[PDB]
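Remarks on the structure that follows.
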Amino acid sequence: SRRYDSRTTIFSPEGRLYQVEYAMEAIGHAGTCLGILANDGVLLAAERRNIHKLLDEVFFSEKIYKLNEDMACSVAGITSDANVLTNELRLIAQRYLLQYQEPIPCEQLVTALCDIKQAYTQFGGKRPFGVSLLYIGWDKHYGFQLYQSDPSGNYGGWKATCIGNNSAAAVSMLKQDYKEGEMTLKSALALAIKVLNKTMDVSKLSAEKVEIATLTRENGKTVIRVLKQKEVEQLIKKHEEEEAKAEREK
Amino acid sequence: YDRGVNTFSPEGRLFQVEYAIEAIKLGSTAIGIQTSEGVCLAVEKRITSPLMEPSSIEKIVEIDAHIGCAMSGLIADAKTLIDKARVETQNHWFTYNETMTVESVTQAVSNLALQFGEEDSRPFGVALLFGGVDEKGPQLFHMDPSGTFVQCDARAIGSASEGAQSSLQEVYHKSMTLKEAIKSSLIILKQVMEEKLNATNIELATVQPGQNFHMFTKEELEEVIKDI
Amino acid sequence: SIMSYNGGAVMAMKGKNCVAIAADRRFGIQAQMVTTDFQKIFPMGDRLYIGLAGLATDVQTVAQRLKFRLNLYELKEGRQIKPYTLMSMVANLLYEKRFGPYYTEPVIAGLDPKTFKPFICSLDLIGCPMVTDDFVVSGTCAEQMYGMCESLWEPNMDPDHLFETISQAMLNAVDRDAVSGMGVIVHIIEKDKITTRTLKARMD
Amino acid sequence: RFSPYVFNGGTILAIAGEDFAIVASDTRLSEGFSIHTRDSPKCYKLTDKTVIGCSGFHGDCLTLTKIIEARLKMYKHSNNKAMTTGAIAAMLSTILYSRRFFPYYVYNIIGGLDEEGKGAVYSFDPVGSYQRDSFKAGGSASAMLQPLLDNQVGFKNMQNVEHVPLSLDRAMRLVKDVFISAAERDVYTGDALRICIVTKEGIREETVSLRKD
Amino acid sequence: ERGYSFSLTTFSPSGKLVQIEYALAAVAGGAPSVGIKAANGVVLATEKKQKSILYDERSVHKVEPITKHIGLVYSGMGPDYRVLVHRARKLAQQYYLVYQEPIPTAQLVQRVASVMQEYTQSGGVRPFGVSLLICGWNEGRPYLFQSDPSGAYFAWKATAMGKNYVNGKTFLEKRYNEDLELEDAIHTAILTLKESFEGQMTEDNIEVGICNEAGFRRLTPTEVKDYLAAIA
Amino acid sequence: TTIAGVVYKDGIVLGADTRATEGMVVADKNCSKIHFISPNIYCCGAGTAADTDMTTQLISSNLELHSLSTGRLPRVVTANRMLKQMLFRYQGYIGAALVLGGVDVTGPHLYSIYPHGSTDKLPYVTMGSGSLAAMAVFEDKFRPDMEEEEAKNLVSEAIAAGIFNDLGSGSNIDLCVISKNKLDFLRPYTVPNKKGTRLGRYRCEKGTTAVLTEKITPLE
Amino acid sequence: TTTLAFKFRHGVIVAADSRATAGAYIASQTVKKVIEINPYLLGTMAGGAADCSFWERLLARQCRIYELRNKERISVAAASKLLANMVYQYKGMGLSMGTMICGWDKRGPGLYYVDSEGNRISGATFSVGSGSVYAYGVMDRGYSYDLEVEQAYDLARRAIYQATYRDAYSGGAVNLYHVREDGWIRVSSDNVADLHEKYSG
Amino acid sequence: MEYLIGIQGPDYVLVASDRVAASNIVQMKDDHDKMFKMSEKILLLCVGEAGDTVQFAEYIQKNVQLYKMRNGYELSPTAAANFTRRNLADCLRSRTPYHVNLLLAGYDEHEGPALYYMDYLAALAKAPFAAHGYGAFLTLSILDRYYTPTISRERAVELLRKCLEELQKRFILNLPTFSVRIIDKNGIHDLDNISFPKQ
Amino acid sequence: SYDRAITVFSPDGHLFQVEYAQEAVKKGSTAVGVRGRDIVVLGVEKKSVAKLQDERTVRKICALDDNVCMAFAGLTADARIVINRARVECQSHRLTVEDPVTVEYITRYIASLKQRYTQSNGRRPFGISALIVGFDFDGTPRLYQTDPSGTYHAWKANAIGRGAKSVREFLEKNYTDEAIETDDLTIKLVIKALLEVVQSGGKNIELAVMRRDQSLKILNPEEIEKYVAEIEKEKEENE
């Protein structure tokens, strides 16, 4: 009765957990996300999976979910398998509010989820989490905090992050346009727009096929802002229009 | 053909346990000797690098007051058995008010030796050398990983085990004294040690009714080294 | 009784299109003065408050536990909670322990998330629901609280006479019993905007 | 309601000699105004070298005596030897502390041959405390027994008191004399007296009877 | 019992779940099913046809509403359909105890897909081949939802399920435009029922439920012959 | 707090008041003790309001899932067995006084609910502290197989009689009528007890109230 | 039924009386409150006698086991620390332990006083018993930290004798032991009546 | 049973503690420290049932030290006072309850001075002064009628003298030793041990 | 729960997926350390940072106490569990026996816990190892090691990770008893070690030092260029 399980937990002849590779392929398939530098604000961008125009889309944000009032997270992976972690981490951040009656610094919260993400790995031959998600928000100490989750258990957090094989071409663009403050939220809007223009193969970079979200720090609001499609339309149109002015070097 | 890990052998016996019995052969070499004056013992620390600190590696431990023990092969699992059996020696002093007898260490360890099972977890590859002196005088005891206990006047474990006992069968006799047991054993020890003899290569473990504990002390072993 | 230790009276007086709530500023032990700073009314959600009168542990327990459930409710779906579901949520937690019940007198004064309709309810420690459009009060003095509402309060009242009536209400009533005093904090909310006023009592 | 603590009677007397030990207990089982059985010895031999006394509730003493002897075979099949007297006293103290929440009401005295053959007398209490004493007298007749034992055996309350060890039969006839005067009041002490003589070779038992009227 | 509960369904070299791919294959080989969210309410049609004349529609139903205001349809096997329906009825009380109010449409999809996605990572079997279509009316605007074995759910006005779900949907894309009414939704429901017909236009070969803002209404085949006899 | 009713020929008529208070102090004149069960069954609460409401929500819970799964009108004894089983497990820890009645296809059914769970079938039952005068008016004036209109007059006069007698009975009158083809919950009915107009005008005016801090919090 | 413990220029003093009975009835004059735990340590007895004995067996258990862990004698502070909490977990069940922990610490002289109520304090002087009013009172009038070893025996024997004079709960023999750096030194066991001929004449 | 001063300065935080552990009327141990130092920005004060006191010292200190080195920074006095309310909630309803008196004190890098109020009933309070002891009825005149919230520590020590004078009037107890810790923007500092002669 | 055999005993003398999981430590980044009577030091390389973002949170050395420094190799997840587990141990040894944690007590916990973590079924061994660097109480130094089987051993100097035999062969200059007579010589010893170990350099080098009771300090990328300046200039001074 020992031959039925595939030994996903047990180590492999390659010297490492073998299922983690296929886990990184699960998030590394169809998942498209990124991050933008944080100077007095931050924004988020993703790809809308729905190609059907008959859909209602009455749920507001599609791939981005709000864990806390002042802090949310981007997610990439299987929908419901991620939705389990949305309400789970939401309850972990809620039981922290149930403790101190005060928001949660992302540091110990991400490491807590990493200790939860290793549960399926370290016992029972369970299937590891096929979802790797980002982190955004603000704290009293470090200000805007942008982190990253890894299937191996590490928090790979950077102020500029990459998710997906198609977004791996943006890392060269991230360091080519790289600056620090310097960068305005508007500059990061055109930065991430040119990221999708280089990576996403959609002709003309259709605005309704990709998800965009922002965040601001206000006293004491600190609103996580879901944006209408009107400003994104004119944003990408004004972006490729600025690119039409960037081809004048010839 | 891996079946249940608990499966017997057609010869036969437990598969996984017998495989660990062969795993004892790569351990350190240790030789105890039973003598009316006291039970001595020694081991080779097997220096893996000149950076090694001498007091950090010890293959002999002290269970009860007059009861010692040794380790073989894998360490940490045996080190857990050491202090866990010490709890049973203190519980022995609870009701009985006196020191646990050296023969009862068999019932305190070898009974719980392998409890492993899939439900309610894996065997051990370490054989223990039980030294001590009970009310009947000096006693040298040895147990295997499977729990089988046997009383031996001299027992060797690890690499030199078969070779040391085969050579020591001639030099041992009922009239062997303490000092003679120490200096006649290090002749085998200097034969079974690869590195040149020094204070950091080997350590001595002794138990006597009138001199203790002791165990043994350093810088005296060097006085025995010049007596080689 | 334990209700005679901390005491306190939460007076929620609904107006015409708006709902108001008031409580005493003093937080102390019996007649020995401690401090007036602790407010027995806590904001919960958007455009909704709750009054609490009883053991300060259970008062803050409802404050933290309602914040627990309400945050889970608002973070799941962004819809604002309706006051009827809120009352059933309060009566649920108070009924969770039948033989272990805490000591509290929850008074919820809130608005309608969809419209301008106000809301008032006052429940016991076992969560006995009462839904009316008139007023809800929970406190020590039985004759004084409801007596001032019978002698003054009317169904249709403007915020001007609403605060003046509840003023003399918290004066000719709360000042009768010494367990509550040392100032009164008033919270009046409406769809238009939120207003907060305070009062003063003797400092002896 | 039902009271689990009730006194069924019994008395313990144990005198530790030089190379011997003298243990005595009354065979009268008396609860209230009724005499149940006229022979009920409270002194049983755990081993051949040890005899323990019993007092207080009846079934608790029989249960405790059987539990102690039940652990003797465990130690016998373990170390291939019986338990020492001091080990039985300490193990009994640990058994009495395991019940410290709701313990028995019992008083025992352990006696017999020790390592050197001397007699043993231990003062026991339901909470499991004890020490080594020369002489102890249990039961409700201990009122005038202890002062007289402090006189002859304890060598106190005497003017210019010389100290000499006591012989075997002297303490015997002393036990026979003291229980006649000790039965003038206490109703639990009387009828037949179970005597236990502990010697280096073995342990002997005898009986002395009193009027049943 | 054993109680292994291990996760044995694992990631493919491409990253997907081959077992869930077999699950969507059971849905793709499922019975034709369709529903339409338009204006006031939602209409459910699908198809039920017995293996012979020995069976009737008057007793066993393929469409059992979850609540009085909430109906449900699906594709795949019935035994596992009534299993998740049984859990849906039980879970409806876990909601109603705290709220003491009826339940929103998506509120079922959140907890049902969570238990369904939990049943993936959980041992034993998986969501199998039952893809449920949840509909209802709340807050003045009704809803039509459908999830998959993996738990991914989407919202739309109308869709086709089971066999020929791509062909019937491409026909509904041109027919459905702007908004439609309940009568028009039933009319094009006859059109998508005539796609795989078989048993369209006949009252005993189909069952028609309808959601409305006044609450879900389940009509007997008698009303199915009323509107469509005379079909279109 | 008084609940009573009588089963007439073709159906069941029940009644309750709205008065729930403590002592002689007037607190809450308006309270609904008639709670929903199902189309064929209603329930009348008494004793502890919150505990009996959570009990009737669990009974309405069991009858909601079972009737929806069966698709048929359940019998009153189905909920009565779980009612008498749950309250019997506590042996009267939670005080429960209820009126369990309804008209099914099998006809009308009535069962008296006690904290121990003992249930007996009668044409009429009276629960609460006002059950003395109500039972007296019933037992004296009741005749079997009355019509619906005469039952309404009997329930109206019986509940209005227990108002003055009982200390905690009064304020509004509630009517509960259960039948096979009709379900009537009529609230309110008649308010015999009232409180007169104020003796004088204490109405407050500005200038006599000192305000320390007035905070303004604009919304939207 | 009264003891005293105090530390001075050299080591700590452990004193006790041998008379402990139930009521005014004379029963056992051999009662020994001072109990040996380790050769370098000494215990006391207060409240329940068996509780003091058993919890000292557990105290010696954890000390010896730890002595076999790191091969080092644990500090007396960290020794009875957990002992205070482990006995405190039974509070309300009838267990009362007022014992004092005596011995030597590697940092210097020390004395520890543990209560079942949860009081654990390290200080110079501590005494438990019925004659504590005479023990504390007549000693503290003449007490000094600069006293010698022989003077410590004289003041301890005097304070114990004053506790055995008027107070009827004290008597029998005087148990007086001394603690030193290398280890506690057993001093003497003397009868109260014999020491009465000393002080009085 | 005994009162500890609650003086709250704008820059500083000042308290006092009586060091007498003696029982009944006898004079035994006067040096027992009633002040528990936790971190640089947070102090601890616990008095009550014996075993309950030291246990709250072990649990709260090591949990604050846990959060200290986990996140690298120190908790604020607000999060520390509300964290102890959870332990006071477990204190209230438990199979083995606890009994305490004193409160928490500390400094914050933003809110500055913070002095809370704790009780075995878990009720939270934040006040410029505290209430304890049997001599509080003369503090409604000396302490309460005359107090300056903006005064420095110099007049605060003199106000502590005026309290210590009338603290012993009809009381036959001793209480000779009073220990004082002072908190400033730089953390906890120590002040001299107060000792009053007899006559 | 979950019943299955982690690894079974093979006649070759060791288990399979445990002793072969030592390759997970062998494939990790290079990590070393040096104890000293004055200041204790360590080092790590192969940070693989993007250099455009904040890498401060990926730091490979944490502290249970100011006197205790944790140096590990291998994957991060099992390292973080070793962190939090040792935090429960150092805090439990903070509550009980108030004085700080001795190295033998924390090494016994970390090693034997991992051993009993390899014992019970349904528990996969950590794919990581670690070595302790710090100062024992009363001024004594400390260094030890950890094994996937949970065996701890104290060396004179710490060389592990990728190229353990390469750096240990480079320790031929470290065998000198004069090292280190001063803290500047200790950092110069780590400078020569970090320059040799392994791929380096100028960016991915990450280390820190602690001297006696003074808490550990992480120098900015300024003095690191100064130690790299005099170390690179020492080759010109040796001509």
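Residue numbers start at 1 in each chain; chains themselves are named A, B, ... in the order of the structure tokens; ligands are numbered from 1 in the order shown.
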| Residues flagged strand (DSSP E) by DSSP in region 18-232 of chain E, as a ChimeraX atom specification | /E:33-38,41-44,72-75,131-138,141-146,154-155,158-161,209-210,217-218
Closest contacts (chain C/chain A, max 9 Å, only C-alpha atoms) as a Markdown table:
```
| residue | atom | partner | partner_atom | distance |
| --- | --- | --- | --- | --- |
| C:64 | CA | A:98 | CA | 6.4 |
| C:65 | CA | A:98 | CA | 7.4 |
| C:67 | CA | A:98 | CA | 8.0 |
| C:68 | CA | A:98 | CA | 6.3 |
| C:71 | CA | A:94 | CA | 7.6 |
| C:72 | CA | A:91 | CA | 7.6 |
| C:75 | CA | A:67 | CA | 6.9 |
| C:76 | CA | A:87 | CA | 7.9 |
```
What does the file look like for those residues with N, CA and C atoms, as an mmCIF file, in the first residue's frame?
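Heads up, here's the output in part_26.cif:
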```cif
data_model
loop_
_atom_site.group_PDB
_atom_site.id
_atom_site.type_symbol
_atom_site.label_atom_id
_atom_site.label_comp_id
_atom_site.auth_asym_id
_atom_site.auth_seq_id
_atom_site.Cartn_x
_atom_site.Cartn_y
_atom_site.Cartn_z
ATOM 1 N N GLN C 64 -13.545 44.392 19.975
ATOM 2 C CA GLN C 64 -12.537 43.685 19.191
ATOM 3 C C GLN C 64 -13.138 42.521 18.410
ATOM 4 N N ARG C 65 -14.158 41.859 18.962
ATOM 5 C CA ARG C 65 -14.745 40.712 18.274
ATOM 6 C C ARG C 65 -15.683 41.144 17.154
ATOM 7 N N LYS C 67 -15.187 43.894 15.500
ATOM 8 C CA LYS C 67 -14.215 44.314 14.498
ATOM 9 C C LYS C 67 -13.667 43.114 13.737
ATOM 10 N N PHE C 68 -13.465 41.994 14.434
ATOM 11 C CA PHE C 68 -13.069 40.752 13.780
ATOM 12 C C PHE C 68 -14.075 40.352 12.707
ATOM 13 N N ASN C 71 -14.661 43.031 9.860
ATOM 14 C CA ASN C 71 -13.576 43.096 8.887
ATOM 15 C C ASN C 71 -13.623 41.911 7.932
ATOM 16 N N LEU C 72 -13.896 40.712 8.452
ATOM 17 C CA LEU C 72 -14.056 39.553 7.582
ATOM 18 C C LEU C 72 -15.228 39.742 6.626
ATOM 19 N N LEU C 75 -14.114 42.624 4.076
ATOM 20 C CA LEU C 75 -13.000 42.209 3.232
ATOM 21 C C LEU C 75 -13.372 41.088 2.270
ATOM 22 N N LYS C 76 -14.407 40.306 2.578
ATOM 23 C CA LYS C 76 -14.891 39.298 1.642
ATOM 24 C C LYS C 76 -15.640 39.982 0.507
#
```
| Within 9 Å of chain G, which residues of chain I show up when using only C-alpha atoms, listed as an NGL selection string? | :I and (96-98 or 104-105)
Resulting file, chosen residues, N, CA, C and O atoms, as a short mmCIF file (atom, residue, chain, number, x, y, z; two decimals), in the first residue's frame:
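For reference, selection_24.cif as written:
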```cif
data_model
loop_
_atom_site.label_atom_id
_atom_site.label_comp_id
_atom_site.auth_asym_id
_atom_site.auth_seq_id
_atom_site.Cartn_x
_atom_site.Cartn_y
_atom_site.Cartn_z
N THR I 96 13.31 30.21 31.40
CA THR I 96 13.94 29.32 32.35
C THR I 96 15.45 29.49 32.27
O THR I 96 16.01 29.53 31.17
N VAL I 97 16.11 29.57 33.43
CA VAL I 97 17.55 29.80 33.50
C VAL I 97 17.86 31.11 32.78
O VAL I 97 18.39 31.10 31.66
N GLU I 98 17.51 32.23 33.42
CA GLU I 98 17.43 33.53 32.76
C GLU I 98 18.67 33.90 31.96
O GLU I 98 18.57 34.60 30.95
N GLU I 104 26.42 24.69 23.72
CA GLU I 104 26.12 23.27 23.79
C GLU I 104 24.63 23.02 23.96
O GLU I 104 24.12 22.00 23.49
N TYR I 105 23.92 23.94 24.60
CA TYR I 105 22.49 23.77 24.81
C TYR I 105 21.70 24.04 23.53
O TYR I 105 20.72 23.35 23.25
#
```
| task | Define the interface residues of chain I facing chain E as those within 9 Å, counting only C-alpha atoms, and report them as number ranges by chain. | result | I: 1-3
| message | From a backbone DSSP assignment, name each residue in region 3-219 of chain I labelled helix (DSSP H, G or I), as a ChimeraX atom specification. | response | /I:19-26,56-58,76-95,103-119,137-139,164-173,183-196
| What's the 6 Å shell around region 99-115 of chain C, counting only C-alpha atoms, without same-chain residues fewer than 5 positions away, as a ChimeraX atom specification? | /C:48-54,80,120-125
| field | Non-local contacts of residue 40 (chain B) (9 Å; only C-alpha atoms; under 4 positions in same chain excluded) as a PyMOL selection string | value | chain B and resi 31-35+131+140+178+181-182+204-208+215
With N, CA and C atoms retained, export the selected residues as a short mmCIF file (atom, residue, chain, number, x, y, z; two decimals), in the first residue's frame.
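In the end it all went to result-v8.cif:
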```cif
data_model
loop_
_atom_site.label_atom_id
_atom_site.label_comp_id
_atom_site.auth_asym_id
_atom_site.auth_seq_id
_atom_site.Cartn_x
_atom_site.Cartn_y
_atom_site.Cartn_z
N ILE B 31 36.98 -0.50 22.39
CA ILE B 31 37.24 -1.80 23.02
C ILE B 31 37.12 -1.63 24.53
N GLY B 32 36.15 -2.32 25.12
CA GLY B 32 36.06 -2.41 26.56
C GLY B 32 36.73 -3.66 27.11
N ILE B 33 37.14 -3.60 28.37
CA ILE B 33 37.78 -4.73 29.05
C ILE B 33 37.23 -4.80 30.47
N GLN B 34 36.83 -6.00 30.89
CA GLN B 34 36.33 -6.22 32.24
C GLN B 34 37.47 -6.71 33.13
N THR B 35 37.67 -6.01 34.25
CA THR B 35 38.75 -6.32 35.18
C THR B 35 38.26 -6.08 36.60
N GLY B 131 29.40 0.00 30.16
CA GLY B 131 30.33 -0.22 31.24
C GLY B 131 29.70 0.10 32.58
N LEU B 140 30.99 -5.66 32.22
CA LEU B 140 31.04 -5.08 30.89
C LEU B 140 29.91 -5.67 30.05
N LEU B 178 43.98 -3.85 35.77
CA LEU B 178 43.52 -2.60 35.17
C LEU B 178 44.60 -1.95 34.32
N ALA B 181 45.32 -3.86 31.39
CA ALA B 181 44.28 -3.80 30.38
C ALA B 181 44.38 -2.52 29.56
N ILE B 182 44.84 -1.44 30.17
CA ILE B 182 44.94 -0.17 29.46
C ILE B 182 46.11 -0.17 28.49
N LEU B 204 40.26 7.80 27.05
CA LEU B 204 40.09 6.65 27.93
C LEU B 204 38.80 6.79 28.73
N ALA B 205 38.14 5.66 28.96
CA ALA B 205 36.92 5.61 29.77
C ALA B 205 37.05 4.46 30.76
N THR B 206 37.07 4.79 32.05
CA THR B 206 37.24 3.80 33.10
C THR B 206 36.23 4.05 34.21
N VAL B 207 35.86 2.97 34.91
CA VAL B 207 34.99 3.05 36.07
C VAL B 207 35.51 2.09 37.13
N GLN B 208 35.73 2.61 38.34
CA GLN B 208 36.23 1.83 39.46
C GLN B 208 35.42 2.16 40.70
N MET B 215 35.50 7.63 34.80
CA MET B 215 35.86 8.31 33.54
C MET B 215 37.38 8.31 33.28
#
```
| said: Can you work out which residues from chain B touch chain A at a cut-off of 12 Å (counting only C-alpha atoms) and hand them back as a PyMOL selection string? | reply: chain B and resi 1-6+118
Could you write out the selected residues, including N, CA and C atoms, as a compact mmCIF listing (two decimals), in the first residue's frame?
```txt
# COMPACT_ATOMS: atom_id res chain seq x y z
N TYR B 1 12.38 -4.36 -4.97
CA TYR B 1 11.09 -4.70 -4.38
C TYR B 1 10.99 -4.20 -2.94
N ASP B 2 10.50 -2.98 -2.78
CA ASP B 2 10.33 -2.37 -1.47
C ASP B 2 8.90 -2.62 -1.00
N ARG B 3 8.75 -3.43 0.05
CA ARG B 3 7.43 -3.80 0.56
C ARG B 3 7.36 -3.52 2.06
N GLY B 4 6.59 -2.50 2.43
CA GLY B 4 6.17 -2.27 3.80
C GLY B 4 7.25 -1.88 4.78
N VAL B 5 8.53 -2.00 4.40
CA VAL B 5 9.73 -1.69 5.18
C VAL B 5 9.81 -2.56 6.43
N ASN B 6 8.71 -3.21 6.79
CA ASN B 6 8.63 -4.10 7.94
C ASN B 6 8.71 -5.57 7.54
N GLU B 118 5.01 1.90 11.36
CA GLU B 118 4.44 2.84 10.40
C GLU B 118 3.34 3.68 11.03
```
| said: What are the residues of chain H lining chain G at 7 Å or less? Count only C-alpha atoms, and put the answer as a PyMOL selection string. | reply: chain H and resi 29+50-51
| Between CA of residue 81 (chain H) and CA of residue 139 (chain H), what is the spacing in Å? |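 Computed distance, CA of residue 139 (chain H) to CA of residue 81 (chain H), equals 25.4 Å.
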| query | Got a sec to pull out which chain A residues are within 9 Å of chain E, counting only C-alpha atoms, and send them as a ChimeraX atom specification? | reply | /A:4-8,19,21-29,50,52-59,78-81,83-84,124-128,130
| task | Provide as number ranges by chain the residues of chain C at most 8 Å from chain E, counting only C-alpha atoms. | result | C: 85-86, 88-89, 92
Keeping only N, CA, C and O atoms, write the selected residues to a file as a compact mmCIF listing (two decimals), in the first residue's frame.
```txt
# COMPACT_ATOMS: atom_id res chain seq x y z
N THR C 85 -28.59 42.54 9.80
CA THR C 85 -27.59 41.48 9.86
C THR C 85 -26.60 41.72 11.01
O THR C 85 -26.12 40.77 11.62
N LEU C 86 -26.32 42.99 11.31
CA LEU C 86 -25.43 43.30 12.43
C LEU C 86 -26.04 42.88 13.75
O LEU C 86 -25.35 42.32 14.61
N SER C 88 -28.34 40.51 14.24
CA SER C 88 -28.30 39.06 14.29
C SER C 88 -26.89 38.54 14.51
O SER C 88 -26.70 37.46 15.07
N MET C 89 -25.88 39.31 14.09
CA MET C 89 -24.50 38.93 14.36
C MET C 89 -24.13 39.18 15.82
O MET C 89 -23.34 38.43 16.40
N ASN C 92 -25.91 36.58 17.89
CA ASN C 92 -25.28 35.29 17.69
C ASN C 92 -24.13 35.09 18.68
O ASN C 92 -24.06 34.07 19.37
```
| request: Provide the CA of residue 154 (chain B) to CA of residue 177 (chain B) distance in Å, to one decimal place. | output: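 Interatomic distance, CA of residue 154 (chain B) to CA of residue 177 (chain B): 13.4 Å.
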| field | Residue contacts of region 16-21 of chain C (8 Å, only C-alpha atoms) excluding same-chain residues fewer than 4 positions away, as a list in words | value | residues 10, 11, 12, 51, 109, 110, 111, 116, 117, 118, 119, 120, 155, 156, 157, 158, 159, 186, 187, 188, 189, 190 and 191 of chain C
